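S.K.: Need the 3D shape of this:
(chains A, B, C, D, E and F, ligands or ions: 14)
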Amino acid sequence: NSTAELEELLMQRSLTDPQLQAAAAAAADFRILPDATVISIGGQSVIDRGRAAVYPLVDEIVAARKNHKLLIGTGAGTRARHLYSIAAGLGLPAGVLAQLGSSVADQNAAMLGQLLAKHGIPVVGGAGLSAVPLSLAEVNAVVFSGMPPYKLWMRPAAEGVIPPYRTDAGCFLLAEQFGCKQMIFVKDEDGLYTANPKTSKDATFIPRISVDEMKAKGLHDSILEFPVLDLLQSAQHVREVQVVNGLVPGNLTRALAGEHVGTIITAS
Amino acid sequence: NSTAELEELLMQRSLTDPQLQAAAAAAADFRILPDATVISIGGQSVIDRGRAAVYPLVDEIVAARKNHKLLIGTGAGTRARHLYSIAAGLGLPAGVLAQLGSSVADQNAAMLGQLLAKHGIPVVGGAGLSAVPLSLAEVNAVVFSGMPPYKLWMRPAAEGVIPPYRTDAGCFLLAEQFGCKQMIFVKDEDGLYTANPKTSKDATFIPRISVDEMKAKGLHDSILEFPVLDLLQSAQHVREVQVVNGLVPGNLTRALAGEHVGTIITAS
Amino acid sequence: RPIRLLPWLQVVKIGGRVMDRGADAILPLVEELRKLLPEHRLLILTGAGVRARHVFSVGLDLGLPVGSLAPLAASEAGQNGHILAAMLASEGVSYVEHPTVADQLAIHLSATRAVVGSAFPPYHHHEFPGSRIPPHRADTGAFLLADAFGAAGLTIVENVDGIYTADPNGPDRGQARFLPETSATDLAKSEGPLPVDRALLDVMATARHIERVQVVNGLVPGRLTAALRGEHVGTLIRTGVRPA
Amino acid sequence: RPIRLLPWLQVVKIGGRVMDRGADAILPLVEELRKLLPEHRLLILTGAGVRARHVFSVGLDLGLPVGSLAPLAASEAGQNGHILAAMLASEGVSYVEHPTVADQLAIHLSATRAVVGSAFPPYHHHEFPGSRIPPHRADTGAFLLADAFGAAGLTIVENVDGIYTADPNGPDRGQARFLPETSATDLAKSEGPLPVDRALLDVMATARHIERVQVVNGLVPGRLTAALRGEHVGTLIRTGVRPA
Amino acid sequence: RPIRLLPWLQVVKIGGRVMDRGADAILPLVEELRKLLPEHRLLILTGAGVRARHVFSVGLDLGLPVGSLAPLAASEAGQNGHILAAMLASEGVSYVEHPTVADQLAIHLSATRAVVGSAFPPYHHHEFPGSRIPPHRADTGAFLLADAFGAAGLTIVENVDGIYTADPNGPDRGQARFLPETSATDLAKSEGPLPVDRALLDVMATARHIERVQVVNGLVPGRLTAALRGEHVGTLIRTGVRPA
Amino acid sequence: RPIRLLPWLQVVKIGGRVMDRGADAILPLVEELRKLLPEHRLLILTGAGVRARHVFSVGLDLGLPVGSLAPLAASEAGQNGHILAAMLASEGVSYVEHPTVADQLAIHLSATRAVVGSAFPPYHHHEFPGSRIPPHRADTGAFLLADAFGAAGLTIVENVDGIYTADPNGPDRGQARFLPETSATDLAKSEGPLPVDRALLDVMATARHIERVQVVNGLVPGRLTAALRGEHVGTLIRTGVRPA
Ligand SMILES: Nc1ncnc2c1ncn2[C@@H]1O[C@H](COP(=O)(O)OP(=O)(O)OP(=O)(O)O)[C@@H](O)[C@H]1O
Ligand SMILES: Nc1ncnc2c1ncn2[C@@H]1O[C@H](COP(=O)(O)OP(=O)(O)OP(=O)(O)O)[C@@H](O)[C@H]1O
Ligand SMILES: Nc1ncnc2c1ncn2[C@@H]1O[C@H](COP(=O)(O)OP(=O)(O)OP(=O)(O)O)[C@@H](O)[C@H]1O
Ligand SMILES: Nc1ncnc2c1ncn2[C@@H]1O[C@H](COP(=O)(O)OP(=O)(O)OP(=O)(O)O)[C@@H](O)[C@H]1O
Ligand SMILES: Nc1ncnc2c1ncn2[C@@H]1O[C@H](COP(=O)(O)OP(=O)(O)OP(=O)(O)O)[C@@H](O)[C@H]1O
Ligand SMILES: Nc1ncnc2c1ncn2[C@@H]1O[C@H](COP(=O)(O)OP(=O)(O)OP(=O)(O)O)[C@@H](O)[C@H]1O
Ligand SMILES: [Cl-]
Ligand SMILES: [Cl-]
Ligand SMILES: [Cl-]
Ligand SMILES: [Cl-]
Ligand SMILES: [Mg+2]
Ligand SMILES: [Mg+2]
Ligand SMILES: [Mg+2]
Ligand SMILES: [Mg+2]
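M.R.: Residues are numbered from 1 along each chain as shown, chains lettered A, B, ... in the order given. Ligands and ions are numbered 1, 2, ... in the order given. Below is the structure in question.
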C-alpha cells in the first residue's frame, strides 16, 4: 500500500511474516533486459551430435543477431551422464554431482564460442555476468554455460542423487531473472508428443498445452526437466516457453520470427 | 577415412597408437580468427628504448586498425634478464624462471595499453582469452603479454636454466592456434643478416630464407628464439613469418600493406 | 544413502540479528567460541540481519527482481563473517569465501580448528521466483551445507529462546507459547512467522543425514556449549530422517 | 644442476582409465591411499580417461585445432581429481588447481598429509602444433612437475601390469611380451602404442633429477605401496639422469 | 585504542637492494631465516630494488602518471618474494598475494611457521598525487600492515648499518655520521636522503601500537636474529606511540 | 566450585566383560573408536572383567585382605588397556600408567588425539575395609578422574543395554524392566545387583561438575558415537550436580 508501510514491516518483522510477504509483492516490477531472447541448446540432443547439427545452428545464430538480441546457453550431454554414473556408484551426494556437471556444460560453451569468435560473439560467465550488457549492445549475442551455480548447495531430489536443476532449469531461471520476452528450447524432436517418439510407434504431436494438462496426462518429466514446469508456474516474467527441433534447417530462425513451429507450453 | 572409424579408434586404442594419430590427421581444419594478424613487439629491442621507439609505433597501430585486425604481444627485456641472472645463480630451475619472466612481459603490456586506452584498445589475458572476440570486432585490436603460460611446467632446454619458450614463441603459438593469416616480428634491425650486425662489420642482408637454409649456415639461434624455427616447421596454419625494423617510421604500416620490407622466413 | 564427507564436523549458524547488537552480544559469544575450539571442529556461518532489510527496501523501491536482491543480502552475511573472524584471528581463525568452502574445506580444517564463512548459498541471479523476498537465506544455506557434508550436527544461534506459537516480540506476543520440540512437517503446515526460513523446512524433507536441528538463544552464555553436547536448552526440530 | 625445491615429496599419477572403472577400482585404491598418508607426503595427480576421447571426437568433428582440444581434455582430468578428493575429504584431503600447485604447494603440504591435483599441464591454447591430438598430457605434466620440484620419485598407476612389446588388449595381443625394465631412449626409438605419452620420453631426456619412473598395475592392491618403497613390481623406466 | 589482531606476529621487511646482490647475500640470509622459523612466527615482506628504477625510467620517459608507476614497481617486489619463497619451500614456506594477506593470514600462519608476501601496498591507480615517484612503497606498506595487525614488532633489513646524517655511498659520504637512535619526528624535520620512505615517517605519526622500528644490516649474519630479540645492533626509530 | 582443569575432555570407560568377548566384540569397537579420534579428545579407560574374578577366587581362598585384592584386580584392567592400545597404535595411541595420568595427561593429549589408561584407581593397600570385595573399582575410578578434571562427560560402555530392575542375565530375568533414566539417589536406595559399582553412586553425591552419566551397550555399533553427541540410547544417570 505504502513504501513507509513496507519499510516498517521490513524492519520490525521476520521475513517469513505473511504481512511482510504480501507488502513486498506489491512492489514495482523492473525488467532488466526486456528485449532479449534466451535460447537453450541441448547437450545430448544437439551438441553431442557434432558438425551436422552444430554448423547449421551457428549459421542461424549469425543471421538472427541482425534483428534479435540472444542469450545462448549450452547443455551438458553424455559426458555428464558418465560422471553422474561414476559418482553415484561411489555414494557421492547430489551437491558433488552438480559441480561435475557444470564443467561439462562449460566445455560445450567453449566449443560453440570458438565457432562464433570471428563474428565477435563471446563466452561469458562469473557470478556477476558483467560482460553481458556490453556484448549484447554491440554484437547482439552472448554464449553462456546453462548449469546453475548451486554446486554443493544444490537442492536434492526426493529420490536419488541426480541433480534435479540442470541446464534446462538454469537457462529458464536466467530468462526469468532478466525479464526476457521469450524462452526457446532447442532439442532433437519436433516438440512434445503423447509419448516418447523414440520408443513408441503411435505418439501424437501436441502443438500447445498447459502445465496442468501435462501433469494430468503423465508428461511431467518428458522432453523438459520436470522442475522447469514448476518454476514456470511460479514465474513473474516468462509465462510460456517454446520447444523446437534444432536438426531442421531454419527452425530457430522461424521461431524467432514468431512462427509457431514446435510446442508452446503455458504456465496456466 | 570415416568419422565412425576415427571414433572407434578413439575409444579402443591408446592416443599413442599410430593408426589413431593418422585418422585424427584427416580431420577438418577450422580457423578461429582467419583474418587477424599477430604482431610481436620486442621487449629489449623496442619497448626498453622508451618514447623514441614506442610513440611512433603507437601511431602506426592506431592508423593500421582502420583496415586490419591486430593482436599485439609484448616482449620482456632487460628486467627479465636481471631476474634470470639472479635466479640462475641461486640454482633455481627453468620452471621458476619462466614465472619470473611472465611478470616483466605483463609490465610492458600494461604500459603499452595505457598509451592506447583512449583509442579504445584494451589489454587482455586469462586462460580463456575471453575478451578477444568482442574487442577485435569493435576496435580491431588487442594487447596481450607474449609469454606462454607454461610456468612451472616449462620444458627445459638441453643445457642451462634459461626458459627456451619465451615471448617470440608465445606470440607465434597464438597465431598458429587462432589460424591467423600473418605473423610479424618487430625488433631493432632491418632483418636477418649473415652475422649479428651489431658485432660484425661485413654482415650481408638476407631478404628471404627457409628454416633449413638458416640451420645450414649457422643461424638457428640468431634474431629469433631458436624453438620458433622448429615450431614453424610443425605448424598447420602459419607457414612463414616476417621480421621488420620497428625503429624505421612506417615500417609496420608498410608490412601490413603487403610490402616486402625485412626478412621473410619460410617453413620449407 | 550417500556417504558422509566430513562426519566429524559441527556446523554453527549465527543469526544476523545477534551480530546487529554489537559488542554487548558479540564479545561474550566470541569468548564462548574461543573455549569451544579445543573441543570441536567448527564451521561457523553468519546470517545477514538488519542491513539486508535496508538493501531490500532500496532495491524493492527500484523494482529489482528477486534474483537481484539475493546476492545483495548475501553480501551482508559476508560482512558479518569478516567481523567475527577478525575477533578470532589471534586463535588462527580466518574467513573463507563460497568457492573455498565447496572445494577446500577439508584442508582448511586441517590447518586450523575453526573456519568462518557466509551462511547464504550462492544462488546469485538463479534464485527461485515466486516471492519478491529471496527464499534461500542463511538458515537454508547452512542446512544444505551441513547435510551434504553429512556433518555431526547443525546448531542455530538466535536472539530468542526458540520457536513460539507466535512472534514473542510482535503484536500477538501475549499468546506466544514456547515450543520445546517440534517436527519440520508440523511447522510447514502452520501459518504465521517463524524465526527460521520457510525454505529450511522444505530442504529438511529431502535431507539424507541430519536428524535434528536445535535453535538456541545466543544471548545466554553457555547455551551454545550445551547444545553442541546434545543438551536440550532450546527448540529441537526433527527433520524426518530416520536413524538406523 | 639446479637445487631440489621439495626433496621429500612423492608424486603419484592415477590413470584416467583406472578412474573410469568406477567404485570397483576406486574403493580399493582409496583404501590403499588412506593407509599411505601417515607414511609419505603425497601429491596425487589424476589423468583424463575416456571422457577426453569423447570431447576429442566432438571437437575434431567440429574442426577444432589442437590448442582448443588441450584444455577440454584437461578439464576431464580435473573432474577425476574432484572425485578422488571427495572420497579422501574425511582424511583432510582437498583438490587444488593449477595456480595453487605452482605457487603454494609447500604450505598446503604443511597443513595436511596429501593434496590432489590435475596431471595435465596448463598449456591451454599454447599447445605445440604437429599432431591433431594434444601431445603434453597427464604422464608428461606429472613428470614435468616432479622433476622441477626435485621430488624423491614419480609412480604411474595404470590399468595394466606395465609396458609390453605390443598392446596387451589390442589386435596383436598374442605377441605382447612384458618388459620388466627399459630406458626412455630405447622406447623412443620404437614404433607402436605405449601406455604412456610419447612426449614423456622427450622430457625425460632433459630431466635434471628423477632417475627412474615405475609403471604399476593399480588394479592389484599393494603394488602402489610396494613401488613407493622402491620394490620392483612393474616396469621400470630409466630416464638417463646419472646418479652421483 | 583498537585491539591487536595478531599480537604474537613478528614482521620482517627485506630490502630490494639486498636481494639485488644475488646468491652472495641471499644464501646467508636464507640460512639465518631457516634457523629463525622454530623461534618466531614470521611474516616476511620483500621490497623492489633496482628493477623498479628501470621501469620508472621507461615509464617516466613515456610520460606515465604516478598511479601507473605504482603497480609496476609493486610487481618487482612480488618477484623478489617468489624468489625468496622458492629457497624456503622445503621448510614449508610459500608466497601469498595481497588478497590472501588481508583476509586469510591467520589460517596460513597456523598451517606453517612463516609466510612470504610483497611489502608494497595495493594502492594501484589510487596512489596519491604530488611527486612523480610513488610515495607509498615497501617500508611504508610493511609498517601499515604491522601496525594494523598490532604485531609485536617490525624489523627492516637493509644493505647498510642504519641511518646516517648523509648518504654513506653518496657524494657527501665523508661527513656521514651514524645515528644509533632517532625519532620519526626528528627525521621528518630533516632534509636529504634516507634509507627508508619519507611516507614511513608520516604513518608512524598516526600509529596505534608499534613503538619502535629497527633498521639493521642484512649483509652481516646474526644481526636480524639479534634484532628480533630486541638487541640494539642498528638504528632504532621511535614512532611516537607511548607505552602503558 | 573448583575450576575445570580439562573442560574439553571426553572420558570413555570400557567394561572388562566387553573385552572378555575377544575379537568378535573388540574389532567393531576399535573401528568405531578410530572414527571418533578426529571428532573428540578422548581418555579411554578399561575395566577388569573375568580375570579379576579368578584372582579374587585364589586370593580369598588364601585369606588375603581387601587391600591385597585391590591392586591384583587393577592389574587386569591394565592388561585390557595394553590390548586396546596395541590395536590403536597405528593411529598414534599408547597406554599410559597411573602416575602419568595424574600429572602429564595435558601434554599427552597435545601430542595425540587419544590416550588409553586403566579405570581402577591407585588405592593399593589403602582400600577401605568393610566388604571383602574391593569397593572402588573401574566405574568409580573413571568417575573420580572425570569429575576432578571437570571433563565434558563420562560414558560407560557395557555388555547390556543399560540398567534394569533386575539382572537381565540372572535368575529373576523374567521380571527385569529396562530403566531409560534414573538418579543416583534413587539407585542407592535400592537393593540388588547393578551393572555399575555401588561406590559410583557415593562419589556421585559429592560430585562438583558432571551432571549425568550414560550407560550404553558396546555390542551395538553406533551407540557410543551417539552417546558422545548426547543422544539418549541407554540409561541416563543423574548425579545430583545442578546446572547453572
Ligand atoms: N513425450 C515426449 N515428447 C518428446 N520427447 C520426449 C518425450 N519423452 C521423452 N522425450 C525425449 O527427451 C529427449 C530430450 O531430452 P534429453 O535430456 O535426452 O536431451 P538434452 O535436453 O539435450 O539434455 P542435456 O541438455 O541435459 O544434455 C528427446 O530426445 C526425447 O527423445
Ligand atoms: N644474424 C643476425 N641478424 C640480425 N640480428 C641478429 C643476428 N644475430 C643476433 N642478432 C641480434 O638479435 C637481437 C634481437 O633479439 P633480442 O632477444 O636481443 O631482442 P628482443 O627480441 O627484444 O628480446 P625480448 O623480446 O625477449 O626482450 C638484435 O638486436 C640483433 O642484434
Ligand atoms: N514463531 C516465532 N517464534 C520465535 N520468534 C519469532 C517467531 N516469529 C517471528 N519471530 C521473530 O524472529 C526474530 C528473529 O529474526 P530473524 O530470524 O530474521 O533474525 P536472524 O535469524 O538473526 O537473521 P538472519 O536470518 O539474517 O540470520 C525473533 O527475534 C522474533 O521476534
Ligand atoms: N605397449 C603397450 N604396453 C602396455 N599397454 C599398452 C601398450 N600399447 C597400448 N597399451 C594400452 O594402453 C592402455 C592404457 O591406456 P591409457 O594409457 O590411455 O590410459 P590412462 O593412462 O589411464 O589415461 P590418461 O592418460 O588419460 O591418464 C592399456 O590398457 C593398454 O591396452
Ligand atoms: N641518510 C642515509 N642513511 C643511510 N643510507 C642512505 C641515506 N641516504 C641514502 N642512503 C642510501 O640508501 C641505500 C638503500 O637504498 P634503498 O633504501 O632504496 O634500498 P631498499 O630499501 O633495499 O629498496 P626497497 O625500498 O625497494 O626495498 C643505502 O645503500 C644508502 O646508500
Ligand atoms: N540391575 C542390573 N541391570 C543390568 N545389568 C545387571 C544388573 N544387575 C546385574 N547385572 C549384570 O551385570 C553385568 C555387567 O557385569 P559387570 O558390570 O561386572 O562387567 P564390566 O562392567 O564389564 O566389568 P568391570 O567392572 O571389570 O569393568 C551384566 O551383563 C548383567 O548381567
Ligand atoms: Cl520465508
Ligand atoms: Cl603420444
Ligand atoms: Cl620518499
Ligand atoms: Cl559394589
Ligand atoms: Mg532466524
Ligand atoms: Mg597411460
Ligand atoms: Mg630502504
Ligand atoms: Mg559394569
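S.K.: What is the neighbour count of the residue nearest to residue A:231 when sequence neighbours are not counted?
M.R.: Setting aside the residues directly before and after it, residue A:231 is nearest to residue A:172 in space (C-beta to C-beta, 6 or more residues apart in numbering or on different chains), at 6.0 Å. Heads up, the C-betas are built off the backbone N, CA and C, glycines and all. For residue A:172, the number of neighbouring residues by other C-beta atoms under 10 Å in any protein chain shown comes to 31.
S.K.: Likewise for the one 5 residues further on?
M.R.: Using other C-beta under 10 Å, residue A:177 is surrounded by 25 other residues.
S.K.: all helices for chain C, in order.
M.R.: Secondary structure of chain C (DSSP state H): helices at C:16-19, C:23-36, C:50-61, C:66-88, C:98-111, C:138-149, C:184-188, C:198-205, C:223-228.
S.K.: scratch that, chain A
M.R.: A:3-12, A:18-25, A:51-64, A:78-89, A:94-116, A:132-139, A:167-178, A:211-216, A:226-234, A:251-256.
S.K.: How about chain C: which residue is closest to chain B?
M.R.: Proximity of chain C to chain B (C-beta to the nearest C-beta) peaks at residue C:99, 16.0 Å away.
S.K.: gap between that residue and residue C:105?
M.R.: 11 Å (C-beta to C-beta, to the nearest Å).
S.K.: if we can go back for a sec, and ligand 14, which of the helices of chain C is closest to it?
M.R.: Ligand 14 lies closest to helix C:223-228 among the helices of chain C, at 27.8 Å (C-beta to the ion).
S.K.: any idea how far the residue most central in space within chain A lies from residue A:40?
M.R.: Nearest to the mean C-alpha position of chain A, counting by C-alpha atoms, centre = their mean, stands residue A:171 at 2.3 Å. For residue A:171, the distance to residue A:40 (C-beta to C-beta) stands at 4 Å.
S.K.: Overlap of the contact sets of those two?
M.R.: With contacts taken as C-beta atoms under 8 Å, 6 or more residues apart in numbering or on different chains, residue A:171 and residue A:40 have A:73, A:146, A:183, A:185 as neighbours in common.
S.K.: Nearest to residue C:142 among those?
M.R.: Using C-beta to C-beta, residue A:146 comes nearest to residue C:142 of the shared contacts of residue A:171 and residue A:40, at 27.5 Å.
S.K.: does that closest one really touch residue A:74, like I thought?
M.R.: Yes: counting by C-beta atoms under 8 Å, residue A:146 does reach residue A:74; the two are 5.5 Å apart.
S.K.: Tell me, how many residues neighbour residue 84?
M.R.: All of this is about chain A. For residue A:84, using other C-beta under 10 Å, the count is 23.
S.K.: that's the wrong chain, I meant chain C
M.R.: Using other C-beta under 10 Å: residue C:84 sits among 21 other residues.
S.K.: need the contact list for it.
M.R.: Each residue near residue C:84 by C-beta under 8 Å, 6+ apart is listed here: C:14, C:19, C:26, C:30, C:44, C:46, C:95, C:116.
S.K.: so how far is residue C:55 from the nearest residue to residue C:65 once chain neighbours are set aside?
M.R.: Distances taken as C-beta to C-beta, 6+ apart place residue A:177 nearest to residue C:65, at 5.8 Å, with adjacent residues excluded. Relative to residue C:55, residue A:177 is positioned 17 Å away (C-beta to C-beta).
S.K.: what's the answer for residue C:197, then?
M.R.: 18 Å.
S.K.: These two - which one has more neighbours?
M.R.: Remark: of residue C:197 and residue C:55, residue C:197 carries more neighbours, 23 against 16, as counted by other C-beta under 10 Å.
S.K.: Just read off the phi/psi values of the more buried one.
M.R.: Main-chain torsions, residue C:197, degrees, to the nearest 10: phi -50, psi 140.
S.K.: Surely residue C:78 is in contact with residue C:119?
M.R.: No: in this structure residue C:78 lies outside contact range of residue C:119 using C-beta under 8 Å: 9.7 Å.
S.K.: quick one: contacts for whichever residue of chain A sits closest to ligand 14?
M.R.: Going by C-beta to the ion, ligand 14 is nearest to residue A:91 of chain A, at 37.7 Å. By C-beta under 8 Å, 6+ apart, residue A:91 lies in contact with C:1, C:2, C:3.
S.K.: for residue C:122, same thing?
M.R.: Contact analysis of residue C:122 by C-beta under 8 Å, 6+ apart lists A:127, A:149, A:150, A:151, A:153, C:74, C:98.
S.K.: same question, residue C:150
M.R.: By C-beta under 8 Å, 6+ apart, the residues touching residue C:150 are A:93, C:2, C:3, C:4, C:5, C:6, C:7, C:208, C:209.
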